[PDB]
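First, one chain by itself in structure tokens, the form deposited without ligand PEQ.
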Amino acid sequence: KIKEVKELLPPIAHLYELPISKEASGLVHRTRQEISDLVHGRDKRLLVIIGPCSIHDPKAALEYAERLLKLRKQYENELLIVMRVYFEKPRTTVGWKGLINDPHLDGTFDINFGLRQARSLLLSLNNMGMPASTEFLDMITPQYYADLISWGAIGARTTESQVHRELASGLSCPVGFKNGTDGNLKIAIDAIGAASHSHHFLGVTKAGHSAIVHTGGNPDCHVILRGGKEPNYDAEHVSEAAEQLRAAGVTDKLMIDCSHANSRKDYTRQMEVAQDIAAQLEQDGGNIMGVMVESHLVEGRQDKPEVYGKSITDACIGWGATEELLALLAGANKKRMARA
């Protein structure tokens, strides 16, 4: 039941063509620290992971980045803005898995090219001053570009998975674990516990050979509230999450996803969620360290990549709505930071 096995270039090949620049290296290292500070309550800025549900077009992604960069800089004292640069998508059943798996968007599975494109995009983003985030779904691909990533997500469908927790335990960036598809938070709390410890498992080296990897633990993990059978973004759900986190002795600072099961897949509700968060930040909101927003140049979605700057996976808010949502959150958090 295996059709074929094909030639794969090892990470060192891509690392040779596209070595990390000093300026990229500095941004990554820096943003990781900054985020770690948010995770552990040492800085009260709000982390904002924002951008497309998935990258299908580097040029659009670069243009998006350039716009977002101005706002990253403008709001830098209230918000820590990092771009969503997602290359791997977990499907409910089957479908396009992302740019790495099939970069020509036609069923050709040109993975060598996909991995090259993903590294290239990430390098250009970091070079221009925009840090990047992604969902780490595969066990092997991260060796190809993890060095360019400032923050990582483990998805709702894999938070419970031991191999994903293992993976997170060895990543050098902070990591967010989503609650489960039906709303189970415990699995994410458990995942932080697990990922913070040392693990031994089989992995693949930068030279494309299998090996035993021994990780040191990732101390910068946190939970992401992304809704379930019902939304879990409000104050009450946040307060209950926080108590459970303190109970298991892990960080009670969390991220709230404005999209997915919290917006019920209606991109026009992301603003409502952000409005609720804004209010929580104004009243108290002490347990919130970040938010997640799926955002693009052009709002909505499409099945085929016909329109530029428009998602082919989950529907996104457009650029206008994005400017508004960011100003809303910046304003709200400026007040939270002023209180102490």
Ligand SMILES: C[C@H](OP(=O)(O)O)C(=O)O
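Counting begins at 1, following the sequence as shown.
The discussion below concerns the form deposited with ligand PEQ bound, not included here.
Engineer: Only one of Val39, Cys53, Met271, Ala60 gets a heavy atom within 4.5 Å of ligand PEQ in the deposited bound form. Which one?
Structural biologist: Selected option: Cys53.
Engineer: With ligand PEQ left out of view, choose which of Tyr267, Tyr233, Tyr75, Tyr86 has a non-hydrogen atom within 4.5 angstroms of it in the deposited bound form.
Structural biologist: Comparing distances to ligand PEQ in the deposited bound form, the residue within 4.5 Å is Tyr86.
Engineer: Is there a non-hydrogen atom of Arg157 within 4.5 angstroms of a non-hydrogen atom of ligand PEQ in the deposited bound form?
Structural biologist: The answer is yes: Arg157 has a heavy atom within 4.5 Å of ligand PEQ.
Engineer: Taking any heavy atom pair closer than or equal to 4.5 Å as contact, tell me whether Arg226 reaches ligand PEQ in the deposited bound form.
Structural biologist: Contact check for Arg226: yes, within 4.5 Å of ligand PEQ in the deposited bound form.
Engineer: For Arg165, is any heavy atom within 4.5 Å of ligand PEQ in the deposited bound form, or not?
Structural biologist: Because no heavy atom of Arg165 falls inside 4.5 Å of ligand PEQ in the deposited bound form, the answer is no.
Engineer: Decide whether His237 counts as a contact residue for ligand PEQ in the deposited bound form under a heavy atom distance cut-off of 4.5 Å.
Structural biologist: Looking in the deposited bound form, residue contacts with ligand PEQ do not include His237, since no heavy atom lies within 4.5 Å.
Engineer: For the chain shown here without its partner, which stretch in 87 to 95, 102 to 110, 122 to 130, 242 to 250 has non-hydrogen atoms within 4.5 angstroms of ligand PEQ in the deposited bound form?
Structural biologist: Correct option: 87 to 95.
Engineer: Looking in the deposited bound form, is ligand PEQ within 4.5 angstroms of a heavy atom from every one of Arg45, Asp284 and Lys335?
Structural biologist: Checked in the deposited bound form: no contact with ligand PEQ for any of the three.
Engineer: Using a 4.5 Å heavy atom cutoff, which residues in 253 to 273 contact ligand PEQ in the deposited bound form? It's fine if the answer is none.
Structural biologist: Stretch hits, in order: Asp257, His260.
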